[PDB]
There are 2 protein chains.
Amino acid sequence: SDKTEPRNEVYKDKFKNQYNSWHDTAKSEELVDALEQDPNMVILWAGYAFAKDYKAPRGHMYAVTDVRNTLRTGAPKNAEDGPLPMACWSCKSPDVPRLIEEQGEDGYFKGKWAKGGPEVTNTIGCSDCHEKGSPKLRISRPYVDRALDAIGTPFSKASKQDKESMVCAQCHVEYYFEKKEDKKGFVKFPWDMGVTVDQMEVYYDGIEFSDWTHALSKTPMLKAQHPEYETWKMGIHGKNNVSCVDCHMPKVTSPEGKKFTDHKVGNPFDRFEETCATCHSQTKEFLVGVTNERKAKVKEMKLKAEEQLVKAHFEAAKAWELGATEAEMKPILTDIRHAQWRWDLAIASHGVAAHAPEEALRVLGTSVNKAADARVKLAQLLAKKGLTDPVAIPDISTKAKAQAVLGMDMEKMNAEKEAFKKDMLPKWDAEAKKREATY
Amino acid sequence: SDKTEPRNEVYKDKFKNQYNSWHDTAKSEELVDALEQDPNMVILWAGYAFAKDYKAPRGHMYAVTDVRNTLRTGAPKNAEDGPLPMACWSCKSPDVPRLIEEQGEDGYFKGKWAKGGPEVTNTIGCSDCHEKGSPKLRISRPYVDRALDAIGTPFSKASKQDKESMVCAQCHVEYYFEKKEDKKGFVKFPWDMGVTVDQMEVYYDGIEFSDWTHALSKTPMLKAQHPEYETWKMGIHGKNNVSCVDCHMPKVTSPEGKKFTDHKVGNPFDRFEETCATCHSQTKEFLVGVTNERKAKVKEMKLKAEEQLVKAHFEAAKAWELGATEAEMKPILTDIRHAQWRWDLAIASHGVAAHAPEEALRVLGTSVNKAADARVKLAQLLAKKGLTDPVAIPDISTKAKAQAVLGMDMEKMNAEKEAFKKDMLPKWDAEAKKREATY
Ligand code: HEC
Ligand code: HEC
Ligand code: HEC
Ligand code: HEC
Ligand code: HEC
Ligand code: HEC
Ligand code: HEC
Ligand code: HEC
Ligand code: HEC
Ligand code: HEC
Ligand SMILES: [Ca+2]
Ligand SMILES: [Ca+2]
């Protein structure tokens with residue numbers, strides 16, 4: 001493609017520093033397993049991909065490796081096989097916009113993750129954010145323009161400051177797969193109403209969109225994904241237009257004394273001076289530990305949330321057993337749907353505590369309130385079917401136990417995934433090395 | 001007394017600017033009936049005095065007037081009548097440290113509010129904060145010295161920066177009136193655990209303290225009171241040690257062109273440049289806009305919390321009708337107790353969304369979670385007495401309508417007060433002209 005060059009090596013000894021800082025995101029390679037840490041999430045995502053496996057983010061250099069390796073994507077034995085669609089690559093690779101730019105957007109989205117297997121191979125690279133080129137920014141994904149148009153703030157007409165965050169908005173945002181209406185499943189961002197929780201909620205309701213039917217409570221669910229752009233705008237740095245880049249891609253001096261933009265997107269605190277120091281007179285120990293307070297305040301009210309929702313789901317599990325009708329459970333489901341949605345959005349983004357604490361907290365208030373209604377309605381309903389004794393929740397204090405409780409063959413999935421990892425990945429990169437994309 | 005001078009005119013034409021900006025708090029004469037504005041709060045204070053009349057605060061100048069006028073204090077006939085005790089004066093006049101210094105704490109805390117009616121006549125003034133003198137700062141009420149000592153921060157050993165804030169910590173706190181063990185009916189700030197919600201909750205629980213038994217729920221309750229200081233201390237400003245004074249009583253310049261210190265404790269945004277502009281480069285409209293947001297995030301959840309607590313109460317009311325045993329109800333009342341305590345502490349300070357909004361939105365979160373547990377227990381219980389349907393909640397959409405549902409004779413309370421207003425108060429002022437305390 002004449003506009004996208006996905007090979008990330010071309011621009012070394014050419015843009016020396018920027019390639020250098022970009023390659024140092026491989027480095028933060030810590031693979032924190034988030035279910036092992038909080039197994040409630042296994043039961044809230046009962047019935048659905050995230051029940052299987054969910055890790056915290058690591059560096060951009062692992063995007064492709066990580067999408068490949070994760071149980072959710074599966075072990076597909078051919079380009080027609082596999083639970084998930086092409087869309088999955090969209091935010092993992094600068095090969096995406098190459099496919100989009102030649103194939104067409106319609107030709108890129110059609111089929112399965114496995115189809116794009118061999119073609120989407122380079123990790124988040126230069127062409128993802130730049131008009132490479134040569135510097136200067138670019139959106140690269142047409143569906144992303146659409147979402148920015150949709151809230152009334154296109155890229156073309158933004159200030160230099162504005163854009164700095166939009167380039168991240170490409171991926172670090174809540175999405176869904178449209179609508180399965182023939183014409184999609186494209187990646188659309190639910191921002192037509194638009195970006196608050198709240199508005200996103202009415203959007204998905206109005207079109208009755210359901211991410212999946214919950215395995216226990218048979219509730220039509222929404223799943224939130226990393227709403228960094230949407231939560232940022234809500235935070236206090238957000239409203240001052242302190243961009244992603246100010247804190248995440250700061251300007252650092254070369255030894256020679258050349259000032260340039262750090263492309264190592266990780267912790268803004270490593271580069272403390274250069275990030276916070278720019279605008280704050282306090283110390284590293286102080287600002288660090290303030291954010292740790294927030295981190296812990298969110299964490300807290302977060303489990304509280306989870307604890308009711310887990311109790312809500314199983315309490316709905318028993319109602320169906322006891323003989324609840326479709327009509328009897330509809331409102332209890334709605335109430336659960338919202339509560340879990342508001343939980344999930346509140347914390348899918350790992351930096352919410354750092355970005356928009358207050359809002360993060362606002363929405364967990366909102367989630368518990370709704371979990372509340374859910375549970376008391378159920379309370380009254382289980383008694384009409386004769387049960388007036390609290391519902392027993394089995395031991396879910398471990399990933400394995402949570403995954404056992406839901407009837408999941410974990411020793412089969414991992415079995416199949418190593419097969420995929422050894423037999424099928426070698427065949428993919430092999431074909432990708434031969435493409436090259438050589439102009 | 002020798003250390004205290006309650007007459008506030010004395011030092012006019014002497015510290016003229018400082019008296020004139022002190023008198024100017026007479027200006028916020030605005031009485032905002034909060035019960036009118038939010039009648040749920042009537043139901044939550046059923047049987048307690050705050051259900052009669054609770055108004056938003058106004059000028060320090062009206063401090064004495066409003067403790068005279070509020071229905072809470074009743075209409076006493078003599079020095080030994082009325083529901084409330086002497087303590088209520090403690091934070092309304094520089095006559096308190098007089099009465100403490102002459103009589104002793106012991107001597108001052110002994111008996112009824114009415115008995116102090118002609119003793120306490122000067123409004124909140126110079127001697128409350130100043131070693132009069134002549135300027136310089138002073139604590140004045142010994143129960144404060146003790147509370148400050150309880151948290152690790154004695155006033156003597158305190159920095160100039162702290163003293164600014166601590167002089168307000170004399171009154172703008174959560175307090176309570178001690179045990180009643182023939183040893184104190186003394187004011188004490190519940191800080192031995194110390195200053196968190198949480199810590200205060202465990203303090204009160206550990207000494208089995210209950211401000212009153214809820215009329216509807218029979219729950220042993222606690223009342224939260226304007227904990228500006230405690231809440232301020234958790235907020236982002238308070239951790240940078242930006243003092244109450246820094247925002248509320250700033251430095252300013254007379255027409256003379258003289259740099260005194262602004263004694264009109266009212267609204268920071270009135271002296272915006274001078275207050276906020278000392279540290280922030282952004283604009284009044286932006287900054288007001290942003291606090292205005294937090295107010296609305298606070299308030300929304302304020303209502304979510306209340307609306308559950310209200311149902312919680314009424315539901316418990318019915319467990320009682322249907323013949324619940326004290327044994328069955330203990331687990332539920334402790335839950336409400338805790339649920340309401342937090343709602344209350346959270347929204348008890350009208351400044352909270354300004355000073356400590358993250359924290360206020362945390363505490364409320366944890367309020368709901370508690371009224372969740374409460375309302376689900378009550379559901380089951382109510383079921384075990386053959387109620388499988390929701391407990392109807394009577395029209396409480398008006399201070400009037402709410403107070404009537406509780407059984408309150410408001411026409412018989414306002415009439416009693418007008419005749420105290422009319423026929424007991426001139427007696428109180430006419431003894432304080434005579435008594436003078438003359439120098
Ligand atoms: C892959 C190895 C690369 C290379 C070679 C470059 N980039 Fe980026 N870049 C991004 C942002 C937000 C800026 C700052 C915008 C601005 O200041 O105008 C830059 C800047 C550059 C430059 C200009 C010179 C400089 O460093 O200031 C150059 C030459 C450059 N980059 C090269 C954003 C991103 C990304 C978003 C995650 C990614 C990925 C890259 N850049 C990758 C690369
Ligand atoms: C534009 C300046 C940004 C900024 C500031 C961030 N992103 Fe991304 N990012 C993407 C993916 C798939 C991941 C997870 C990778 C994995 O786990 O394999 C991330 C991760 C991050 C982090 C965390 C890094 C760590 O060491 O823990 C951070 C701080 C971050 N991002 C910020 C995907 C993308 C994109 C798709 C092409 C683009 C564009 C961006 N990110 C842009 C940005
Ligand atoms: C603009 C929308 C963005 C995006 C896409 C991200 N950030 Fe930030 N961020 C900041 C701090 C201090 C943290 C956490 C501190 C810590 O390491 O404990 C984060 C966190 C993130 C993450 C998660 C990081 C992780 O791997 O756990 C991500 C994906 C992320 N950010 C992306 C600092 C800031 C800011 C300080 C003013 C600003 C503004 C942003 N980030 C903006 C963004
Ligand atoms: C020390 C520096 C301060 C600061 C910053 C404030 N106060 Fe007070 N205050 C007290 C009482 C009983 C009231 C209510 C008065 C009434 O309604 O009759 C108040 C009121 C306030 C306000 C509201 C002003 C407005 O215009 O709305 C404010 C902003 C305020 N306070 C801040 C009691 C006391 C004291 C007892 C002697 C002391 C000391 C203080 N307050 C100290 C401070
Ligand atoms: C006068 C009414 C105001 C208003 C409306 C605000 N401030 Fe301040 N502020 C100060 C410091 C050190 C911080 C933390 C930032 C940092 O560490 O550099 C803040 C922070 C804020 C916020 C955001 C945090 C929050 O509480 O939500 C807001 C909304 C805010 N301020 C508004 C320092 C000072 C002062 C030094 C004496 C002065 C005075 C003020 N601030 C005054 C105000
Ligand atoms: C240190 C103990 C204190 C105390 C006792 C008070 N303040 Fe503040 N305050 C600030 C702002 C912006 C508001 C909201 C203004 C509005 O929109 O109405 C408040 C509010 C209060 C109140 C409530 C007064 C009322 O009638 O609503 C009270 C009693 C109060 N404050 C006392 C500004 C600040 C600060 C800016 C950083 C600081 C610090 C403080 N106040 C500290 C204190
Ligand atoms: C942008 C709209 C995205 C699309 C669509 C998908 N992903 Fe993603 N992914 C995106 C971001 C911004 C991040 C990091 C932030 C975060 O909170 O994770 C990720 C991360 C992943 C990961 C690593 C984390 C993990 O779950 O182990 C994986 C394995 C992953 N993404 C897989 C994945 C799949 C299967 C997708 C199709 C459903 C998919 N992603 C889409 C951005 C976006
Ligand atoms: C380039 C500008 C900029 C930089 C970079 C920046 N801040 Fe801020 N920050 C601000 C502004 C503006 C405010 C609001 C204070 C004000 O009104 O001036 C603020 C407020 C804050 C707050 C209070 C708001 C909240 O989050 O609750 C914290 C904490 C904070 N900064 C910490 C940090 C940390 C930690 C970093 C690095 C992760 C950082 N800042 C980097 C501009 C910046
Ligand atoms: C140790 C501090 C303290 C003591 C104790 C205290 N007050 Fe207050 N009072 C305040 C402060 C500070 C305010 C202003 C903050 C507010 O009311 O929100 C206030 C406000 C008031 C107001 C005006 C607003 C209203 O309508 O409530 C009245 C009336 C009042 N108090 C009465 C009382 C009574 C009665 C008692 C005893 C039960 C009492 N006070 C005990 C400090 C105190
Ligand atoms: C609500 C508490 C409070 C009230 C009431 C109060 N003061 Fe002050 N005053 C302060 C504080 C705090 C300072 C700042 C002290 C410093 O700068 O060290 C101050 C400063 C002063 C100063 C020092 C000079 C200056 O302006 O910095 C004088 C003199 C003064 N006040 C006089 C008075 C007089 C006269 C009254 C009664 C008319 C009074 N104060 C009432 C708290 C109070
Ligand atoms: Ca989604
Ligand atoms: Ca109390």
Side-chain angles (χ1 to χ4, degrees), chain A residues 24-32 34 50 55-70 88-97 122-130 137-141 144 163-177 187-190 200 204 209 211-212 221-238 240-250 261-270 272 275-276 278-280 287-288 290-292 294-295 341 344-345 348-356:
Chain A
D24 279 308
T25 58
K27 176 72 73 137
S28 63
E29 86 221 309
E30 193 198 2
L31 224 39
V32 202
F50 282 70
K55 318 278 189 196
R58 56 163 178 200
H60 283 165
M61 291 290 316
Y62 301 111
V64 166
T65 290
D66 272 349
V67 64
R68 288 168 168 193
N69 288 347
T70 180
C88 289
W89 306 108
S90 325
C91 318
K92 310 294 177 297
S93 210
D95 283 295
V96 162
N122 290 267
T123 98
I124 300 148
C126 301
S127 289
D128 289 296
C129 306
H130 285 286
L137 308 185
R138 166 209 192 211
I139 259 46
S140 85
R141 318 291 212 275
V144 188
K163 297 185 204 266
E164 303 205 320
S165 286
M166 296 169 187
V167 273
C168 308
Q170 287 167 144
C171 317
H172 287 282
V173 282
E174 158 60 0
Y175 71 91
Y176 76 96
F177 300 135
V187 175
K188 186 175 167 147
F189 305 165
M200 284 188 292
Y204 281 121
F209 181 96
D211 272 315
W212 89 102
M221 298 299 254
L222 304 170
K223 175 79 196 64
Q225 289 94 349
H226 37 59
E228 280 84 43
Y229 194 73
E230 307 89 332
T231 47
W232 171 82
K233 298 200 84 195
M234 304 307 286
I236 242 296
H237 287 99
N240 282 249
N241 204 204
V242 172
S243 71
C244 318
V245 189
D246 290 337
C247 301
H248 284 284
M249 278 173 75
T261 177
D262 188 3
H263 276 52
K264 193 279 204 250
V265 210
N267 204 337
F269 283 135
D270 285 326
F272 163 78
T275 58
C276 333
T278 310
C279 312
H280 295 312
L287 276 17
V288 157
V290 178
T291 103
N292 282 332
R294 275 76 172 286
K295 269 213 178 158
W341 166 238
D344 213 345
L345 191 94
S349 178
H350 282 88
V352 80
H355 290 147

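Naming convention: chains lettered A, B, ... in sequence-line order (proteins, then strands); numbering from 1 in each chain. Both counts, for ligands and for their atoms, begin at 1 and track the order of listing.
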Considering only protein heavy atoms, which is closest to atom 39 (C) of ligand 3, and at what distance to one decimal place?
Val242(A) O, 3.2 Å
What protein heavy atom lies closest to atom 7 (N) of ligand 2? Include the residue and the distance to one decimal.
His172(A) NE2, 2.8 Å
Between ligand 3 and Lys295(A), is the shortest N or O to N or O distance under 3.5 Å?
yes
Only heavy atoms of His237(A), strictly under 4.0 Å: list the atoms of ligand 3 that pass.
37 (C)
Could you check whether any side-chain N or O of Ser140(A) sits under 3.5 Å from a backbone N or O of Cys129(A), counting only pairs where one atom can act as donor and the other as acceptor?
no
Residue, atom and distance of the protein heavy atom nearest atom 13 (C) of ligand 3 read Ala354(A) CB, 3.5 Å
What are the atoms of ligand 2, with element, lying closer than 4.0 Å to any heavy atom of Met249(A)?
2 (C)
Measure the shortest side-chain to side-chain distance between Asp262(A) and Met249(A) over non-hydrogen atoms and say whether it is less than 4.5 angstrom.
no
Keeping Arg294(A) on the side-chain end and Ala354(A) on the backbone end, is there a donor-acceptor pair under 3.5 Å?
no
If you have a sec, work out which protein heavy atom is nearest atom 9 (N) of ligand 3 and how many Å separate them, to one decimal?
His248(A) NE2, 2.8 Å
Do any N or O atoms from the side chain of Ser28(A) and from the backbone of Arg58(A) form a donor-acceptor pair under 3.5 angstrom?
no
Should one rank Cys91(A), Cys129(A), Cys171(A) by closest heavy-atom distance to atom 12 (C) of ligand 2, which comes out on top?
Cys91(A)
Hey, is the Ca ion (ligand 11) within less than 3.0 Å of some N/O/S atom on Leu222(A)?
no
Which residue and atom name correspond to the protein heavy atom nearest atom 32 (C) of ligand 2, and how close is it?
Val265(A) CG1, 3.6 Å
Heteroatom test (N, O or S) for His60(A) near atom 8 (Fe) of ligand 2, limit 2.8 Å:
yes
Atom name of the N, O or S atom of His355(A) nearest to atom 8 (Fe) of ligand 3 is NE2
Go through ligand 2 atom by atom and flag the ones less than 4.0 Å from a non-hydrogen atom of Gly266(A).
29 (C)
Backbone N or O of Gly266(A) within a donor-acceptor pair of the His248(A) side chain at under 3.5 Å?
yes
List the closest protein heavy-atom neighbour of atom 1 (C) of ligand 2: residue, atom name, distance to the nearest 0.1 Å.
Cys168(A) SG, 2.0 Å
Using distance alone, determine whether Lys264(A) and ligand 2 share an N or O pair under 3.5 Å.
no
Tell me the protein heavy atom at minimum distance from atom 33 (C) of ligand 2, and give that distance in Å.
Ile124(A) CD1, 3.3 Å
Proximal ligand 3 atoms for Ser243(A), defined as those under 4.0 Å from one of its heavy atoms:
39 (C)
With a cut-off of 4.0 Å, which atoms of ligand 2 are near a heavy atom of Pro57(A)?
14 (C), 17 (O), 27 (O)
With side chains defined as the heavy atoms from C-beta onward, is the minimum distance between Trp89(A) and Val67(A) less than 4.5 Å?
yes
Among all the protein's non-hydrogen atoms, which is closest to atom 27 (O) of ligand 3, and how far away is it?
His350(A) CB, 3.8 Å
In ligand 2, the atoms that come under 4.0 Å of a heavy atom of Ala63(A) are 18 (O)
Under 4.0 Å between heavy atoms, the region of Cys276(A) that gets near ligand 3 turns out to be neither
Residue, atom and distance of the protein heavy atom nearest atom 37 (C) of ligand 3 read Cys247(A) SG, 2.8 Å
Under a 4.5 Å cut-off applied to non-hydrogen side-chain atoms, are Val144(A) and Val173(A) in contact?
no
What residue and atom, counting heavy atoms only, is the protein's closest point to atom 20 (C) of ligand 3, and at what distance?
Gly351(A) CA, 3.6 Å
Given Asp66(A), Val167(A), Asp246(A), which one has a non-hydrogen atom that is nearest to atom 16 (C) of ligand 2?
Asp66(A)
Measure from the Ca ion (ligand 11) to each N, O or S atom of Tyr175(A) and report whether any distance is below 3.0 Å.
yes
Compute the shortest N/O to N/O distance between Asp128(A) and ligand 2 and return yes if it is under 3.5 Å, no if not.
no
Kindly give the atom name of the N, O or S atom of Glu174(A) closest to the Ca ion (ligand 11).
OE2
Write out the residue and atom name of the closest protein heavy atom to atom 2 (C) of ligand 3, then the distance separating them to 0.1 Å.
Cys244(A) SG, 3.0 Å
Considering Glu228(A), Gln170(A), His226(A), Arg58(A), which one's heavy-atom position lies nearest to atom 28 (C) of ligand 3?
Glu228(A)
Identity and distance of the protein heavy atom lying nearest atom 26 (O) of ligand 2:
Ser28(A) OG, 2.7 Å
Would you call the rings of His172(A) and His226(A) parallel, tilted or perpendicular, where under 30° means parallel and over 60° means perpendicular?
perpendicular
So, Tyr176(A) versus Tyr204(A), ring centres under 6.0 angstrom or not?
yes
Is a donor on one side and an acceptor on the other found under 3.5 Å between the side chain of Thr231(A) and the backbone of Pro227(A)?
yes
Any donor-acceptor pair under 3.5 Å linking the side chain of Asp344(A) with the backbone of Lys223(A)?
no
Any sub-3.5 Å donor-acceptor pair from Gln170(A)'s side-chain atoms to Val167(A)'s backbone N or O?
yes
Is it the case that the side chain of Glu230(A) and the backbone of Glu174(A) share a donor-acceptor pair, with hydrogens and angles ignored and the cut-off at 3.5 Å?
yes
Within a strict 4.5 Å, meaning less than it, do heavy atoms of the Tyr62(A) and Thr123(A) side chains meet?
no
Mark the output for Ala56(A) as yes if a heavy-atom distance to ligand 3 is under 4.0 Å, and as no if none is.
no
Using a cut-off of 6.0 Å, state whether more than 12 heavy atoms not belonging to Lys55(A) lie near its atom NZ.
yes
If the contact criterion is a heavy-atom separation under 4.0 Å, does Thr291(A) count as touching ligand 3?
no
Sub-4.0 Å atoms of ligand 2 with respect to non-hydrogen atoms of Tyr62(A)
18 (O)
Report the residue from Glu164(A), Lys163(A), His237(A) that forms a side chain to side chain donor-acceptor pair (under 3.5 Å) with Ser243(A).
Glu164(A)
Where the side chain of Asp128(A) meets the backbone of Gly125(A), is there a donor-acceptor pair that is under 3.5 Å apart?
yes
Identified side chain to side chain contact (heavy atoms under 4.5 Å, CB included) partner of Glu228(A) from the options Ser349(A), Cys171(A), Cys168(A)
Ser349(A)
For atom 24 (C) of ligand 3, is some protein heavy-atom partner under 4.0 Å away?
no
Flag side-chain contact, heavy atom, 4.5 Å: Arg138(A) against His130(A)
no
